[PDB]
Each structure stands twice: as C-alpha cells, then as structure tokens.
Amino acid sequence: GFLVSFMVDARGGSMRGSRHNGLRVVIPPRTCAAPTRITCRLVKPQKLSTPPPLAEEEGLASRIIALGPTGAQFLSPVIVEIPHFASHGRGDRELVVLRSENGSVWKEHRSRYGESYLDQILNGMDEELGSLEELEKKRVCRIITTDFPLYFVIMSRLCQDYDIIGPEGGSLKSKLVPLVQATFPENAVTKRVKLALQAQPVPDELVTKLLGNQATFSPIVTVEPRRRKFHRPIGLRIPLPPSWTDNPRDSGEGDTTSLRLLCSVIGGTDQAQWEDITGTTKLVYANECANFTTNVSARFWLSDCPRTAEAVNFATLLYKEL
C-alpha cells in the first residue's frame, strides 16, 4: 500500500506518486548517509487509536501520511509535497503541519531551516521547487523536515497569533503587511488582553478575474477578536488600494469620493457583511495609507471604486472568493 517506495543514497533522489495522490518526496544529496528505502503510505483516520483532538474551528486539511523508515534521521532537511483539501483560502484560518511521534500526541511540526532556505536545502540538486504563491494556486503543502515521525497531517485552524495590550496602551502590527498598524491609546482597554491585527493581502489576479479594472482594493484588515467595544478611539493605518497610491482620482474628502471605506462588524470565521461607511469617519492620508479611528473591533477594507454605488456588491463578490 505504498504510494512511493524507492532506494536513495548520498547522491540523493526524488519520486512522485501517481497523479491521483500528488505526493512528491525530495531527498537532497548528502542527507542520507547509507542506501535507504524511502516509502510513504496513507493512514485511515478512523484506524487511529488517538486521532488529532480537534477544536471547534479545526479540521484535517490533508490525508495522514506515514513516511518510512519511521524514525529516519537526515543530515540536513528533506522535502515532502502533498496536496491539501482545505475548504477555505486566505483569511481567519491557516494551514499548519502536525506530527505525531507514536500516534498518541499531536503537535505542530517545527522546522528551523524552512521556506527561507529552499535553494540551500537542495544541496546542488537539479530539482525545481515552486514558490509559496505557486503552491497556494495548486493547493499543495510543503513539509520540510530532518526526520520521519510516525505521522504527518496538515490541519486547518484559526490563526493562533496575538499580542498583549493593557491599559498603558500600545501598538499592533500585521505579520503579513508591514504598514498595517493599530494604535491603542491609554485606557482603550481596562486590562491586559489578547488582540490580533489580521491583514489579508488581496491578489491582483483574483480582482482582475472577477472585477476587471472596475476597482482595486487594499488588504482586508481585521481587529481581532471582533464584537469588542473600546473605551477610547483606536487608531488604524491601512495601505491604500494600489490605483489610489499611484494617482488618486479625487481628494478622497467628499462623500462622492471613489475611495470607499468598507466595514464589517459581524462575528464568525470567514464571515463578513460589508457596509459602506465612507464619510462617517475622517480619513487622513499619509505614507501611502489611510489613517482613521474606530471605537469597535471589525473588518475594514478600502476600495478605489469609481462606480461608488457598486462598492458593497463588488466587495461581497470578491470576499466570497478570497
């Protein structure tokens, strides 16, 4: 029941499973000291004595794989690519590699030299590794590891990142988008709380496919958790939609401005109900960003949308596909 079974030595080697399973195992030169039979099999989740203990918004995004020989240790990282079947894209959820040493406990797989070192990990091997963008389009996950645990599986979960802000105030930055920032003044919160500033980039290819050149968008910025009220206004900084940074079609001051500020206050994983709030708040333009305040946590999204009455319809159509 092996998807792949091949001999490998110090020269390295690679193998792909059938097109029906999409597995790719890459063993670079100098990682395997002696001739070794590399294998991979699929594992039925219902056959596990202790399956991954999934929380409410967690799910398995790939098949469970058992790479052989179990317990194999490599001199430097090896690469395993597998397709995922996650039911979402970018947003409130992320994909994480889980591993289990003996089938009893499941933890996040740690890789010290990962995606930032693909070319170095290859050790001169003549193999092509696609970028994270290309893997995203193809719905493929890449596991970089120096050993084979009993099991690997991809899990889908709510983003785990957060920072802590108390009554002294502070600032939050996005992990993905550098200019995305939230400023919490003193007394905005009454105690030390966990907060996250989520910024989801919007790919031009998707916007073009769905809306042509009718609108452009900023990244979607969400102050997490949603459904929270602050005791003082919170400062938010969002990079402008790309067509607006290039050349604004108007001052961005009037209510008929083509630069629309959209807001969604509803709770729920990857749920939004967009409302055009342009003109309800003062926007200050500086450093190729819009700067404004909010008294509540919510999702925020800017759009340079000349057909202004269609901004919510365009946002809704696009958000469904993100």
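Position 1 is the first residue in the sequence shown; the rest follow in order.
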Using only the Cα atoms and their B-factors as the entry lists them, report which of 7-15 and 21-29 averages higher.
-> 7-15
Greater mean Cα temperature factor according to the PDB record, 80-88 or 201-209 = 201-209
Among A61, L261, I64, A286, which carries the highest Cα B-factor?
-> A286
Which listed residue, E133, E108, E224, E94, has the largest C-alpha temperature factor in the record?
-> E133
Of the three thirds of the chain ranked by Cα temperature factor, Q271 occupies the lowest
Modelled-residue ranking by C-alpha temperature factor, third containing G103 | middle
Using the B-factor values recorded in the entry, state whether the Cα atom of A34 falls in the lowest, middle or highest third among the modelled residues of its chain.
-> highest
Classify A55 as lowest, middle or highest third according to the C-alpha B-factor given in the PDB entry, relative to its own chain.
-> highest
If you rank the chain by CA B-factor, which third does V43 end up in: lowest, middle or highest?
-> middle
